[PDB]
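Spelled out from the first residue to the last, the chains are:
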2 protein chains.
Amino acid sequence: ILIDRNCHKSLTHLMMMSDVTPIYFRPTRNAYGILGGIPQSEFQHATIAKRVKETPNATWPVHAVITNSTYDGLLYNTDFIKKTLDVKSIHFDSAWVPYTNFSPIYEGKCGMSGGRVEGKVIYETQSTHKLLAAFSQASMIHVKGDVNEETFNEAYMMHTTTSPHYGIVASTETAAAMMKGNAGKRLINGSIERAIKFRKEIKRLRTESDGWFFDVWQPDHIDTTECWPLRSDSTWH
Amino acid sequence: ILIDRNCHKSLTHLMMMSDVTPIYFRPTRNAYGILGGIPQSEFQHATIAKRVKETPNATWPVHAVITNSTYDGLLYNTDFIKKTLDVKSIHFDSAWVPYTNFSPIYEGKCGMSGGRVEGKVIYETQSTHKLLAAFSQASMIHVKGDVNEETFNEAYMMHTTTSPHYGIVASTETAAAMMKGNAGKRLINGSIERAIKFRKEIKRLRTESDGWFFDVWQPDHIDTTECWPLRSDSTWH
């Protein structure tokens, strides 16, 4: 497998249950300690083949797991990933970004963004309770492609319980039901606009106050409702 | 004579016209360059007699000239001066404080404050055009005591012109006429209150702004309409 080093404890637990072998991706980071992302060089065939070559008992990876976004909300250019990562199944551990479909700001920024990619199956495992409105221990597995229906259904049956809490299930479905229509679009756009307005006054109060004040790790000029790209020609990140 | 070192060019010009001999008072000063005042030790008999003793061709002083206030508006405790300065005539060059009588804030802070002092004549030479409302080249000489009327009238006639500008004379009298009644008291109290309110916001804007701001050389807590005394237990001065 190609597992992100910026992973969860759950992926480590998975690797300890199953007889698999890793190549770890190498994310970047700043002096703050914010876990950034994997460079573009570590998704092409050359570096993956090299890291396969200097790993004992390792073959060509048959699966890839990527934390999209990171813990601090750094989305990837997932179209680049789904085009150039030459594995037969790419998994996006989108625990912190489950709200993706419900605003066109996040177009091209999840596993389910864009159409059905050819030759590989895209997994996305939105943690619905985290950022949407759902009871805890609620999650989803969205696939994109063709999978063996009975084998994958049996694998799903393998890890879940047999008598589930129907409150959690009803909350899991009602979370998506809160997002159909105009009310869900109004929710997502209101949340994003409120976040942007909070960001604008926290930078405003920084320049209004005396002495020190709280800074917020964001581009120096933000005034539009978009995912602000991290540019190499700036140094805020 | 006992002339303040914090003097005007006019007093130097006077000393060059007349065959007199000085003992110079020694005012204090801060690092800003603000001319402070003479300490209390240099108005008693011991230091004056000493400075007479180590000055050639010098006798006991028959006149004293004191700049009250200074250029930066530092009034003296003039009752101390009129009690302990043992000369027969004390002159206060009150060019910058002509408005003294018109608010009880300045009680005990001019030559004309208090009653007729015994044994000496107090002069005060308010420059009326400076802080009151009068045309330029206007001034007054207020005396307090008994003077030789014809000799002093002849000395006054000696330096003034013979055909004066009656606009300046009318403005000189109208400046005092602006201060009788309730209108003059309202003028002086309004000016002092406006000054105090300006001082309170300039210290307020200092703590409101970011980075540096203009400071104002005044006590850290001012909220009353009084001449704020310069205390040895504080360091703002």
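1. What about the overall build of chain A?
Phase 1: If you tally the helices and strands in chain A, you get 7 helices and 6 strands.
Phase 2: Beginning at the N terminus, the succession of helices and strands in chain A can be written as β-α-β-α-β-α-β-β-α-β-α-α-α.
Phase 3: Dimensions of chain A, computed from the C-alpha atoms along their principal axes, are close to 60 × 45 × 30 Å.
Phase 4: Buried residues in chain A amount to 35% of all 237 residues.
Phase 5: Restricting to contacts in chain A with at least 6 residues of sequence separation, those with at least 24 account for 60%.
Phase 6: When the accessible surface of chain A is split by element, carbon and sulfur atoms take 54% of a total near 15200 Å².
Phase 7: Measuring between centres, the 26 positive side-chain charges of chain A sit 2 Å from its 25 negative side-chain charges.

2. Some words on the packing of aromatic side chains
Phase 1: Counting across every chain of the model gives 14 aromatic pairs over all chains.
Phase 2: Joined through ring pairs, the aromatic side chains of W212, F213 and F214 of chain A make up one cluster.
Phase 3: Here the basic side chain of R5 of chain B rests over the ring of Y24 of chain B, its NZ or CZ set 4.6 Å away from the ring centre.
Phase 4: When the ring centre of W96 of chain B is taken as origin, the NZ or CZ atom of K130 of chain B, which lies over that ring, is 3.7 Å away.

3. Focus on the environment of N57 of chain B
Residues and elements named next belong to chain B.
Phase 1: As for its position among the elements, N57 is in the loop between α2 (45-53) and β3 (64-66).
Phase 2: Take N57: its relative accessible area is 78%, and that puts it in the exposed class.
Phase 3: Put simply, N57 and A175 are 118 residues apart on the chain and 44 Å apart in space, counted from C-alpha to C-alpha.

4. Concerning the relation of the copies chain B and chain A
Phase 1: When chain B is fitted to chain A, the best match, at an RMSD of 0.0 Å, comes from turning it 180° and sliding it 0.1 Å along the axis. Here the copies are linked by what is in effect a two-fold axis. Closest to the rotation axis within chain B is the C-alpha of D210 of chain B, separated from it by 2.2 Å.
Phase 2: Looking at the interface residues of chain B, 100% of them are also at the interface in chain A, so both copies use one shared face.

5. Some points on the side chain of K82 of chain B
Residues and elements named next belong to chain B.
Phase 1: With respect to the helices and strands, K82 occurs in helix α3 (residues 78-84).
Phase 2: No salt bridge forms around the buried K82; measuring N to O, its nearest opposite-charge neighbour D79 is 4.4 Å away.
Phase 3: At 2.9 Å, the side chain of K82 and the backbone oxygen of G111 are in polar contact.
Phase 4: A polar atom in the side chain of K82 sits 2.4 Å from the backbone oxygen of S113.

6. What to know about empty space enclosed by the protein
Residue and element names in this part refer to chain A.
Phase 1: Tallied over the full model, the rule gives 1 cavity of 30 Å³ or more.
Phase 2: Of the volumes computed, that of the largest cavity is approximately 30 Å³.
Phase 3: Breaking the lining of the largest cavity down by element, the ones donating at least two residues are β2 (23-25) and α2 (45-53).
Phase 4: Take the lining of the largest cavity: its biggest share by element is 3 residues, from α2.
Phase 5: The residue inventory of the lining of the largest cavity, partitioned by class, reads 4 nonpolar, 1 polar and 2 charged.

7. So, the interface of chain B and chain A
Phase 1: Between chain B and chain A, the residue contacts involve 4 residues of the former and 4 residues of the latter.
Phase 2: Buried area between chain B and chain A, both sides added, is near 280 Å², and the carbon and sulfur share of it is 24%.
Phase 3: Counting the surface chain B buries against chain A, the share from its top three residues, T207, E208 and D210 of chain B, is 80%.
Phase 4: Taken together, the links from chain B to chain A amount to 0 salt bridges.
Phase 5: The tally of links from chain B across to chain A stands at 0 residue pairs in polar contact.
Phase 6: Taken together, the residues that form the side of chain B that touches chain A break down as no nonpolar, 2 polar and 2 charged.

8. Looking at the pattern of salt bridges
Opposite charge on two side chains permits pairing when their charged atoms draw close.
Phase 1: Enumeration over the complete set of coordinates arrives at 8 salt bridges over all chains.
Phase 2: The partner of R231 of chain A in a salt bridge is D233 of chain A, and the shortest N-O contact between them spans 3.9 Å.
Phase 3: Looking at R231 of chain A, the relative accessible area reads 52%, which means it is exposed.
Phase 4: Note on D233 of chain A: relative accessible area 69%, which makes it exposed.
Phase 5: Close ionic contact of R51 of chain B with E42 of chain B constitutes a salt bridge, the shortest N to O distance being 2.5 Å.
Phase 6: Classification of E42 of chain B as buried rests on a relative accessible area of 7%.

9. Observations concerning the pairing of strand β5 (residues 121-124) of chain A
All names here are of chain A.
Phase 1: By the alternation rule, side chains of β5 split into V121 and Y123 and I122 and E124, which are all buried.
Phase 2: Note: strand β4 (residues 89-92) against β5, 4 bridges, orientation parallel. When the bridges of β5 are listed, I90 appears paired with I122.
Phase 3: Summarising the sheet, β5 and strand β6 (residues 142-144) pair through 3 bridges and their orientation is antiparallel. By the bridge assignment for β6, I122 is matched with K144.

10. A short note on a nonpolar patch on the surface
Phase 1: On the surface, a nonpolar cluster with roughly 220 Å² of combined accessible area is contributed by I141, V143 and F152 of chain A.
Phase 2: Tracing the backbone through its elements, the reader meets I141 of chain A in the loop between α4 (128-131) and β6.

11. Some points on the sheet that holds strand β4 (residues 89-92) of chain B
Sheets are built from strands that pair by backbone hydrogen bonding, the pairs being arranged parallel or antiparallel.
Residue and element names in this part refer to chain B.
Phase 1: Across the sheet, which stays open at both edges, the 6 strands sit in the order β2-β1-β3-β4-β5-β6 with mixed pairing between neighbours. Each end of this open sheet is capped by a strand with a single partner; those strands are β2 (23-25) and β6 (142-144). Averaged over all neighbouring strand pairs, the angle between strand axes comes to 20°, with direction disregarded.

12. What to know about the side chain of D93 of chain A
Residue and element names in this part refer to chain A.
Phase 1: Residue position: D93 is located in the loop between β4 and β5.
Phase 2: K130 is the oppositely charged side chain nearest to the buried, salt-bridge-free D93, at an N-O distance of 7.7 Å.
Phase 3: Side chain to side chain, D93 and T125 meet in a polar contact 3.4 Å long.
Phase 4: Those residues in contact with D93, other than ones at most four positions away along the chain, are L11, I66, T67, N68 and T125.

Calculation notes
- Numbering of residues starts from 1 on every chain and follows the written order of that chain's sequence, so it may differ from the entry's own numbering; residues lacking coordinates are omitted.
- All chains are assigned letters beginning with A, and all ligands numbers beginning with 1, in the order in which they are written.
- Reported values pertain to the displayed chains only, which are themselves part of a larger assembly.
- Excluding hydrogens and water, the side-chain figures rest on all heavy atoms present in the structure.
- Only DSSP runs of H or I with at least four residues qualify as helices, and only runs of E with at least two residues qualify as strands; both kinds are numbered from the N terminus onward.
- Think of it in three bands: residues with accessible area under 20% of the maximum for their type are buried, residues over 50% are exposed, and the middle band is partly exposed, with areas taken using a 1.4 Å probe on protein chains only.
- Note on contacts: a residue pair qualifies if any of its non-hydrogen atoms lie within 4.5 Å across the two residues.
- The protein chains shown are the only cover counted for residues, whose accessible areas, like all others here, come from Shrake-Rupley with a 1.4 Å probe.
- Note that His is not counted, nor are the chain ends; the positive residues are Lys and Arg, and the negative ones are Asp and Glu.
- To locate a charge, take NZ of a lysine, CZ of an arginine, CG of an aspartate or CD of a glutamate.
- What counts as a ring pair is set by centres within 6.5 Å for rings of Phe, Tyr and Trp (its six-membered ring), and what kind of pair is set by the plane angle: stacked under 30 degrees, edge-to-face over 60, tilted for all other angles.
- Here, a charge over a ring means that NZ of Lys or CZ of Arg falls within 6 Å of the ring centre while also lying within 35 degrees of the ring normal.
- The superposition method for the copies is least squares, with the C-alpha atoms as the fitted set.
- When a carboxyl oxygen of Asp or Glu lies within 4 Å of a side-chain nitrogen of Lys or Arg, that pair is called a salt bridge.
- Definition of a polar contact: a pair of N or O atoms within 3.5 Å, with one able to donate and the other able to accept a hydrogen when the atoms are protein atoms, and with sequence-neighbouring residues admitted only if both atoms are side-chain atoms.
- Here a cavity means grid points, on a 1 Å grid over the protein atoms only, where a 1.4 Å probe fits yet cannot get out; a pocket means an open set of points with protein on both sides within 12 Å along at least five of seven lines; lining residues are those with an atom within 4 Å of a point.
- Grid points are joined across faces, edges and corners, and a volume is the space filled by probe spheres set on the points.
- As a working rule, the residues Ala, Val, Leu, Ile, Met, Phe, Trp, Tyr, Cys and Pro are called nonpolar, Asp, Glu, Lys and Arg charged, and the rest polar, with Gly in that last group.
- Buried area: the accessible surface (1.4 Å probe) lost by two parts on joining, summed over both.
- Should DSSP find at least two bridges between two strands, the strands are taken to pair.
- Residues enter patches when their relative accessible area tops 30% and they take part in no salt bridge; the joining distance is 9 Å for like charges and 5 Å for the nonpolar side chains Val, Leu, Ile, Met, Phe, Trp and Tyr.
- Each axis is a line fitted through C-alpha atoms, taken for helices only over the stretch in contact, and angles between the N-to-C directions span 0 to 180 degrees.

Interpretation in functional terms is not warranted from these geometric data alone.
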